[PDB]
Structure formats: structure tokens, C-alpha cells
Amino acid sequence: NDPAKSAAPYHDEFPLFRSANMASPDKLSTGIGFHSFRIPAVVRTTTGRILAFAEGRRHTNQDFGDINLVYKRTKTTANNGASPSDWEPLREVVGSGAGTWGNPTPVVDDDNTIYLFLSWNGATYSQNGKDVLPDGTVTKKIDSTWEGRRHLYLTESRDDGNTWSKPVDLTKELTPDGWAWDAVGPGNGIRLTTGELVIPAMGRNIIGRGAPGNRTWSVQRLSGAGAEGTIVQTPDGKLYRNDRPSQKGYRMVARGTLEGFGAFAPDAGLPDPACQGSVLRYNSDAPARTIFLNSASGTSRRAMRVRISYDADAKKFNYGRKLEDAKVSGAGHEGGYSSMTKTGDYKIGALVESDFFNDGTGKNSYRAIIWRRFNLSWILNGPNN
């Protein structure tokens, strides 16, 4: 079988975004703190530096209200984020206004420009409407007006994540007209063997063409796609969308190319409780591997499972390994949204939400984000394969 199984298994895990209830909570240099951190995204840059993004949810764990896009980088290009002291303090990409800056969806381009697509909504709008903000204000439902719709923003870094451009609004260009709710990712985009960028979004892929870091963007509309999509290029070189379902059950999968996709259909091999997931191209040479991470349950977010597919079209994934085999203590109950990258030292790097659950499903439940490193051997030597 997989020759990587013969390596010494390795795993390494600790909280990277520490909620307000924890010792040494993560705050900006300006003193700004956050109740909860949610919605992770992680990329390794061409230098080997690792950039980890999240939504800094200022006041509660809710998806609406004042939410800033925060991040951490590894201190050097070479440390691979192996220990807590390897990581810089919390920084901010964008936090302007009392609205929502979220859905981090980064992609590293060939020139090392890091593109970060984001969603935005106004301070007084929420997905469902009639939600109560900290000051008692009742939100309006997100609608199709300019003020009340979800926007699509793009920021980039030319200095290995050190600084970020003021986000530009690309809603009119890259979001279909008449839309209200929208989402990009969250998680990551990809660079294809043939050179294009592909960013998964609600109902569509965003395609980047042309010179690295100077791309032209267009929209590839997808029939039957989900709101929260993932994208990978499979070993056969084709495209693969693996999306969160609208109802609990299974991941929704479609395959295609830049010239078009086939139908979405449930993947019976990948149970999902209606939650975001992540997918990663690990390598293309024998055995070629695609990695997948989600909560492997039709009902629960607390069943995080990392898996490998050796299939040229990622038809079938193995059982993989439960993340709870390498449990983190003192950071709540692991499970929820995730993001993965390959590290510079031949590991998979994963960000995974965790929930203290101190207020149950309520707004005051503190949310933190765990950073994991593990090798293929660790996945393959799991007891349930």
C-alpha cells in the first residue's frame, strides 16, 4: 500500500486563535479583543511562510454584527508553525466599520501574490433578519439592495502576508445581479496545473486568468452548487467541487473543467451534518493523493475526520483518521469549519474550529481555532482504517 505509512507518524496540535475566555487571549496590537474566532483559512506561501486567517467575532459567536478579518503568520519562512512560539501575534487584514468582514478564501499565486477573497455585509443586516445586536438593534434581513446585500471583496499581499491592500469591491463584476445572500469559500482557492486560479463561491467558481498577481477575473456559473463550496484539481487534472449540502446528510460533489461542470450529486461516502469542509491536492505523482476534512457525521460537527483518496477523480476516500485521536485539551470541543494546506516540511497543516459550548448553542459560547500538523503516516496508521 501507501509507502508514506512507513514514516514515523507525526502529529502536533495547539490552539492558534485563543478566544476571550482563555488564558492569553488573542488581541490586536491596538488592544482590540474578540469573543470568538471562527471560519478558518490557511495557506502556505511560495516562501514556506504559513498564513492563517479567521473571522474575529468581536462581541458574540454570531455570524453577523461587528466581525473583523484577522490573521497570524509564522515568524519565519522556515519554521512551519511547529510550536506556539513560531507564530506572530494576531494582526488584522480589514476591520473597518461595525459590519461583517468574513469568509476568508485565500489563494497563493505563482509570483507569491496572496489573493484573499472576502464577503461583507452591513452592520444592521443578517442572513435571517430580526436578530438582536449587542445594543438591542434588530437586524434587517439581507436583501438585494446595495446597502443590504452580501458583497464580494478582494485584498492582496505582495510581501508574504506582511501588509494587505485596502479591499476592493468586486460585487458588480463577480456576483450575479439581483443576489442578496452570497458567500465566497470559506477556505481556499487553488492554482491549476494549466495556470489559472479557481476560487470556490456560492453557485459559481471565480476564475483568475493571465499574469500571476495581475489576474483578470471572471465567473463560471454552476448549476446545483452549494453556498459553501470547496475546489480541488484531481490527479486526472479535472476540477472537483465538494460542497456543503443545504440539508444534513452528505457532501455534494460535481466534476468538470473550465469549460463546464456536470451535475452535483450526494457523495454517500462522505457524510456531513450541513457544515463547511476542506479539500487539498497533496501530490500528483504515484500514489497521487487528495486530502479531505470535514465532520464525518450526518448530525454532529464533533466527528472531524481527515481522509485520503488515491482515485484519479477522487471518487472514493478512505476511512482516514479521527482528529480526536490527537485531542487538544483546554480549547473546548473540536469540530466545525476547517482549512488545510501543505507545509514546507511535508506535513498537512490544518485549522479546525473548536467550541467551549459554555452557553450551549447560544451566542455566548466561546469559539477557538486549533492548529494541527500531521504527516500522511499519522493518517494511515489510524486504528479505524
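Residues carry their position along the shown sequence, with the first being 1.
When the two stretches 356-364 and 55-63 are set side by side, the higher mean Cα temperature factor goes to 356-364. The question of which stretch, 134-142 or 268-276, has the higher mean Cα B factor is settled in favour of 134-142. The PDB entry assigns its highest CA temperature factor, among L152, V107, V93, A286, to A286. Taking the PDB entry at face value, the top CA B factor among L69, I348, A41, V328 belongs to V328.
Looking at the C-alpha B-factors along this chain, the one for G336 belongs to the lowest third.
In the deposited entry, the Cα temperature factor of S19 places it in the middle third of its chain's modelled residues. When the modelled residues of the chain are ordered by C-alpha B-factor, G210 sits in the highest third. The PDB entry assigns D86 a C-alpha temperature factor belonging to the middle third of its chain's modelled residues. Per the PDB record, residue ranking by Cα B-factor puts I231 in the lowest third of the chain.
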